[PDB]
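Let's start with one chain on its own, the form deposited in one PDB entry, as structure tokens.
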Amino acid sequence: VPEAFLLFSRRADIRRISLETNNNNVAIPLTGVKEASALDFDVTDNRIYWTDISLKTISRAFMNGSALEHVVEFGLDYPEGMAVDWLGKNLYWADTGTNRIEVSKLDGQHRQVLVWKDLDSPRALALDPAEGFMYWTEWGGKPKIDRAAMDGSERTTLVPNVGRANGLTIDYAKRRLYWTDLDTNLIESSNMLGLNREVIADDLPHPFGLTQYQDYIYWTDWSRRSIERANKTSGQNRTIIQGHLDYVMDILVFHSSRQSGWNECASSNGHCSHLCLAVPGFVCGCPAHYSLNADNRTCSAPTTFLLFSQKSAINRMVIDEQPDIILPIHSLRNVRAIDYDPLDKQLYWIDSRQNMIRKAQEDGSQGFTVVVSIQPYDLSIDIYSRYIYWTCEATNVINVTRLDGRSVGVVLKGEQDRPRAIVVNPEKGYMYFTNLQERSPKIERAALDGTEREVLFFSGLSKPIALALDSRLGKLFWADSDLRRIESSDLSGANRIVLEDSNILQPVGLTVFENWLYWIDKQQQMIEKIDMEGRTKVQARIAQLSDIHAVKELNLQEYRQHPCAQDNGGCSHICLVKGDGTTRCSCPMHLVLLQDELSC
């Protein structure tokens, strides 16, 4: 039986006031808040949970201000609503920018996307985990109040004919919903099912936030510059709790009387391995892209996925029968190309302007710099020899360096040569590259040591910029940016085929997944794929996509069967599995092979 009070946010800070008719107005001692919007609390923990829209983050801290920590730093835009589920110990938020309602543990771990399809603008958000339902206001073109089970399922639209609604607050005791309407300037209510819909107060100047407590509704008004109270049933008994307050963004009553009830998630997380989400009692959730195991309780990390970067983001996406997420990788500026190592699960990319090659885990916790200034263009990983092949735009060279950083050397150089795109084929011992010579571009092939050079194509080319290959079927794929098309041939050079020339605009990136060729289209802003079933769109309205890379499940036993896989086949520099099925050593351009046949 402690004190009951109100919390509100005002952009610069979050303040705390009593329900008393004109009492004190203090601020919660938080640090580094710029544009606070969405509020919520946790009584058992005594923690507050807020959303900054300038910082683009969701943070938490105790009421005394200690232990301030960012709970969600990535993939946000405008997180305008957010609620705390006290029984499951999960955080729910709604980003009006990304148009997504999401969930994670209170601490931030195991983030998942609940609803994202056919969603306009989720603003306000109220949870009732005792009953398994969540409620949110939608803004956008045709505003409405939607309800869905707190796992994402059973999504329906409760209140269809409303303006922009904002104070979304469940009277847990009386089983009613109260909200403000910005376009009608009124406060309205309903029952849990959306029906029995009558307005409480209708002559309001400019209302915004709202919370109900006992027999009163509390709202904020910008024109009145006030925090007002009224009888939650009649709209009468209308007095002012706070005046002379400029802009009162959202507001909620802080008492243990609100965060009450019980579900199965409260008793040791319901035995789920990650997330426990309420339903009309519970069901175990996984992190985004993870999959629920046979036991209905444990999760499994994605095995086969798709990676695509924009200018300053690297996103992951699954190829399931059932959305893209942002990988948390700091310090991205102009991501030119990506690649992936399945052995150590490390993500390699090349940043422009900074002129470096970088690597990090899918969680971004291994951030290490491979090559530093001279500027690289495209990269391809020999996963077997554990080398990364790359092209230098500045010095027109094909440099090769190890995964640790140690330099191996240069395999191909010469003036008039201008190597740009590269793709390695260690299984057959060759590299296929794009040589952008002045006035006459080419697609070329050489052995992984720079010997055995030949031109594969010279006509019907203008700006070939991406290369990919299906080694199993023995085919090579390339996208010409200038000619707006995708072509494929035998690795030999034979059978040149146009795949797509119709609705392409700016193809700059492509990879083979299974029997599909995915390609980026920067200008048309979309990912597409083709059955090598017909052309299917994968993801439209993608910002500034720059490179794509399909990552398949690498089985260890299968990897080790490669001759170079174990200790590089004795070779000090370059291992070549050529011809019949035997390794042969070779060296970069500044070292000649020695007597031992292994070193130089």
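Heads up, when I say rigid core I mean the largest set of C-alphas that superpose within 1.5 Å between the two forms. Numbers for residues come from their place in the sequence shown, where the first is 1.
Only in words, not in the display: the form deposited in another entry, which the text now covers.
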Cα of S234 displaced 2 Å or more between this form and the one not shown, core superposed? yes
Cα displacement of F208 between this form and the one not shown reaching 2 Å, rigid core superposed: yes
Could you tell me whether the Cα atom of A288 shifts by at least 2 Å between this form and the one not shown after core superposition? no
